[PDB]
Amino acid sequence: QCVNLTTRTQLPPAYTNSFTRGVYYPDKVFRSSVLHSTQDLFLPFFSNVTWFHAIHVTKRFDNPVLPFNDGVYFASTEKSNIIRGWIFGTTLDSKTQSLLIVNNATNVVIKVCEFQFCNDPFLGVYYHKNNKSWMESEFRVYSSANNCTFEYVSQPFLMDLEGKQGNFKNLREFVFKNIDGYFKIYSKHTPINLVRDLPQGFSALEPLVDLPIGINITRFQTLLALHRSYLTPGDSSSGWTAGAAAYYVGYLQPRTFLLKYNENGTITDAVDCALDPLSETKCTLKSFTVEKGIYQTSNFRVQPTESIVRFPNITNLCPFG
Amino acid sequence: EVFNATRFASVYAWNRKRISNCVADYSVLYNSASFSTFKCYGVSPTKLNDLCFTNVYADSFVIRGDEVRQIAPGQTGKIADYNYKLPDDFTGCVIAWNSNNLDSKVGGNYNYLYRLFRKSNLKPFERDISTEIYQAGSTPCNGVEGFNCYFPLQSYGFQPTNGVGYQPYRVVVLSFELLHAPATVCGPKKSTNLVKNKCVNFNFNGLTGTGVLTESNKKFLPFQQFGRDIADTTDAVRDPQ
Amino acid sequence: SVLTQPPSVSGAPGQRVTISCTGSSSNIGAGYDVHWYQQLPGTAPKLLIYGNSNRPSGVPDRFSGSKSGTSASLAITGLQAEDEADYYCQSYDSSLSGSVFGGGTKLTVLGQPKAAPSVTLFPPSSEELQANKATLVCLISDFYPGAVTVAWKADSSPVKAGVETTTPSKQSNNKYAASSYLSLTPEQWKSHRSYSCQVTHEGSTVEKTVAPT
Amino acid sequence: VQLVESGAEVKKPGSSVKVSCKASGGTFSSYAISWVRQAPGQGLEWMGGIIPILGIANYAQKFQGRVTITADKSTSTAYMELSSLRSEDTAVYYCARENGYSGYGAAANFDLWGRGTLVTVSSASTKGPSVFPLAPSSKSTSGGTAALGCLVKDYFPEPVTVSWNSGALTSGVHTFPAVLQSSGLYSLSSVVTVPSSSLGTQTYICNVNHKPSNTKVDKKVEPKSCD
Ligand SMILES: *[C@@H]1O[C@H](CO)[C@@H](O)[C@H](O)[C@H]1NC(C)=O
Ligand SMILES: *[C@@H]1O[C@H](CO)[C@@H](O)[C@H](O)[C@H]1NC(C)=O
Ligand SMILES: *[C@@H]1O[C@H](CO)[C@@H](O)[C@H](O)[C@H]1NC(C)=O
């Protein structure tokens, strides 16, 4: 079960720029000392990406129903493990096979079923007076479930329930794709010390486990968790806190990318083919170093925007009886 | 537990087991050298592992020694028509053996029941647990042990000191179904042995190449299975053993 | 055991409330029919619906049962004043060689407002001291609802022995009443100077202390 | 028809219990009869079902060979015998009836149930009860009302009712439930409100009856003299 909120003020989302983000392994093979390019769903560099805030100091809490496209990029500079999990679905009315991948304090629960998703499912952490530790007690994610067939349990992972207002210390990236009904999850923890304007660093993403659900996903929505301290009366209407968090939502575009493989076998650089003419030349020549000279990348074709089809004077009808 | 258990059920209410999200091998069920009769219609008993079906329905019940020939399509009796009817397109796989050392005891073992009387026939693959007294005439009797109304359920005559045609035989039937759902339970391959430094042929789930297996000095990340090279040739496959 | 059910569900008086239970592929998903029962606290359970296709005599039509694959469903419309019971799902299991019920969920959640409690303290009599025991009683009455926390103290350390709490019952004026005993010995009854009964009800803390001497 | 069962019964931890299931009318010698239990804290279990026509026992694999259920055709009744009781047997049993049918499922349903037999076994067996008087003091009587009653202790087993003047008092009576102690003992109380103008002309007495103990104590209640 869930509860409704009241009308209050919020902050509008801003638009930032990415710097060499959205790179992962496009296959499950080993490559070294080879410059091979493929056609997969990646994120174009220097593109316009959305930015959503989650800090308290006010009362910023936005969780819209964004449409799920072919491949997404969810980067989160997580510090105190505020975001718990993510849900998926089409209409969220207990009619399709919705997804529920949450990361609790005991074990990861990946249950793809037909749960009754409410308008805003959020986790609740209450602060006890006797025990001086943050414990999760308000488990308001779904109402009930009628029938389900798929059920999988992932590996246990520890999480911190204490929320602070300091600077972030870690960075987590999440990539969700859906090809041939299979679900792909790319995640890797990279330590960093920054609040915004992510640097131009490079870090790959390795998959963990493939989920053959065999269904179509068109919408998605992230889940947020709040804390119930002694400063707030304890009601989730106008007094609450969320700590400090910032997540990025990006859409992967079907663009070819040239990857670099060293002797160790990890991804070092990523060169696009439809972003910059310099990178396009490095993409077609299959070399990271280009000398002086003239080359040919592609062609220039002007698509017609109008079509004039008409006749002089002919005018008649036709019977068929 | 379906084969080896402490006790079984009757024929009017038998155990129904479904094999889903699992995998098994029918090679051990053939070389047991402990079954009395083994009939498997619809498919060969030795060529049913390569081809697989969607679901497997297995039922377990007890039967006498003289009624083991009644489990077949194309005859009429007293048990094959009132307890479990066999259709024309019956591709089941029945297995029977003698285990009179567990379901028989001195004094008379009458634990399991059976149905003897019935109004009419029944559709195949249907369970009948109706304990209503079958009426043979046109007047009721309020369910008494008198005239014109007899109880259809009767006891058994199982005894460990009987002969060979009246002993409790553990009979099970393994039926197969071809539905629109993909085949879940099929036949898997096992691990025979490993040989290296010689030109051999292997099939590591993604290719079938002929060559040697030399000991490499590079360790791969624990998320890949294959490996290419500069010339775009798969020459490094991790051994899942 | 093999059948799991949610512990509690919520609903509104006028909306559709749907409850289900999940099992295995050998008891409910094999093909066996399900049976739903109602366990009222104070009477014997009766039959509501069998096979999810027929309607027995004496049961309303608002109950709807269906089987979606390997799980059953129960949907109702309208919450009357007789749904303060538990719902169990029953199906024939082959691995257990018999019938097995579910967990059971509670529909009623809460319908009790607050009020002002009143506690009285009665010391033991003179005839009870010769019985080699001391029963310190603490009666609470005229309060709502019946959810109180009983605590004891001896003016120097709270007591963590011999405490008990009796569930409150409904009075004739829609009120609750309860009592708490304290098993002690007369050897230590006269050594301590006083005894009290500390009770809290929505922040309201009322205190009453007696004196044996 | 209607099936009537026995009331409450308390036994020893390690003895045999003897209950029965009676049937009013007919439709008992033609259908199967099973026994379904229910305990506060967990779900409902199923021991087994017995047929009265053939007299065949059919229990479950979760219950061992410690309970025997018999049937009778002369008076159409059924008995239940269970020895070597434990601390978990504190529950209630029901005498249900089964009516089979035809279909693809063919599951056992319970259309007709019984009344119920409360079988509670614990320590602190039946002994001699003792009631203690209770009188108000000068500090507890500040207005025009008084509070007094009788306290019952070391009584066993349940149930035990309390009457005032052989039922002559109806307004202001309140009976408190029991509670499980550390030694398996129960304790109740009963207080009534009365004006202070009747404490010197009419006395209050408590009449406590006990059916399993065949005792009836009549103690007097008098106000305190020191306060
Ligand atoms: C690459 O480096 C990592 C981290 O040191 C090591 O775990 C891995 O074995 C290396 N892989 C190769 C191919 O050298
Ligand atoms: C028919 O042809 C004449 C001359 O080419 C032109 O002016 C006229 O518009 C035509 N008719 C139509 C309907 O276009
Ligand atoms: C297979 O099992 C062996 C030993 O049980 C283990 O060393 C190996 O890693 C396993 N292979 C897997 C899990 O792919």
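A quick note on method: Cβ atoms are made from the backbone with ideal geometry, for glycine too, and the neighbour counts reach across all protein chains shown. Since every read-out is calculated from the coordinates, none of them should be taken as a lab result.
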Scan of region B:220-237 for residues that are more than 45 Å from the chain's Cα centre (by Cα) and more than 9 Å from chain A (Cβ to nearest Cβ), ordered by number: B:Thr233
Every residue from region B:33-80 that is in contact with a helix residue (DSSP H, G or I) (Cβ under 7 Å, 6 or more places away or on another chain) and either of a type in the set (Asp, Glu) or farther than 29 Å from C:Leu96 by Cα (or both): B:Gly77
Unique residue being surrounded by 16 or more Cβ atoms within 10 Å (Cβ to Cβ) and part of a loop (DSSP other than H, G, I, E, B) when the list is B:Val185, B:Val144: B:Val185
Failed condition for B:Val195, given (1) in a loop (DSSP other than H, G, I, E, B); (2) exposed (fewer than 10 other Cβ atoms within 10 Å of the Cβ): (2)
Members of region D:140-174 found to be β-branched (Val, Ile, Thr) and more than 22 Å from D:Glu9 (Cα to Cα), listed by number: D:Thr141, D:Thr145, D:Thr170, D:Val173
Residue count, region B:188-232 (criterion: farther than 24 Å from A:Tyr24 by Cβ, more than 16 Å from ligand 1 (Cβ to nearest atom) and of a type in the set (S, T, N, Q)): 9
Count of region A:248-299 residues which are over 30 Å from A:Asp62 (Cα atoms), part of a loop (DSSP other than H, G, I, E, B) and among the aliphatic types (A, V, I, L, M): 5
Qualifying residue in region B:124-137 (condition: more than 14 Å from chain D (Cβ to nearest Cβ) and not hydroxyl-bearing (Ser, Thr, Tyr)): yes
Of all residues making up region C:39-60, the number that are part of a loop (DSSP other than H, G, I, E, B), at the interface with another protein chain (Cβ under 10 Å from one of its Cβ atoms) and either of a type in the set (A, V, I, L, M) or within 19 Å of C:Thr105 (Cα to Cα) (or both): 2
Scan of region D:53-96 for residues that are among the aliphatic types (A, V, I, L, M), closer than 17 Å to D:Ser24 by Cβ and within 14 Å of chain C (Cβ to nearest Cβ), ordered by number: D:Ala96
Some residue of region A:116-139 being crowded, with 20+ Cβ neighbours inside 10 Å and within 14 Å of chain C (Cβ to nearest Cβ): no
Region A:45-87 - residue that is part of a loop (DSSP other than H, G, I, E, B) and aliphatic (A, V, I, L, M) and, of those, surrounded by the most Cβ atoms within 10 Å (Cβ to Cβ): A:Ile82
Residue in region A:239-261 that is more than 14 Å from chain B (Cβ to nearest Cβ) and within 16 Å of ligand 2 (Cβ to nearest atom) present: no
Residue within region A:21-29 that is away from every other protein chain (no Cβ under 14 Å) and within 30 Å of A:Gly239 (Cα to Cα) present: no
Test: residue in region C:69-89 that is within 17 Å of C:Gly23 (Cα to Cα), surrounded by 12 or more Cβ atoms within 10 Å (Cβ to Cβ) and out of contact with any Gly (no Cβ under 8 Å at 6 or more places or on another chain): no
Residues (among the polar types (S, T, N, Q) and assigned to a strand (DSSP E or B)) located in region D:57-76: D:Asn58, D:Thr68, D:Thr70
Leading residue by the ranking (farthest from ligand 1 (Cβ to nearest atom)) among those in region A:24-64 that are under 13 Å from the mean Cα position of the chain (by Cα) and among the β-branched types (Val, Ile, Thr): A:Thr50
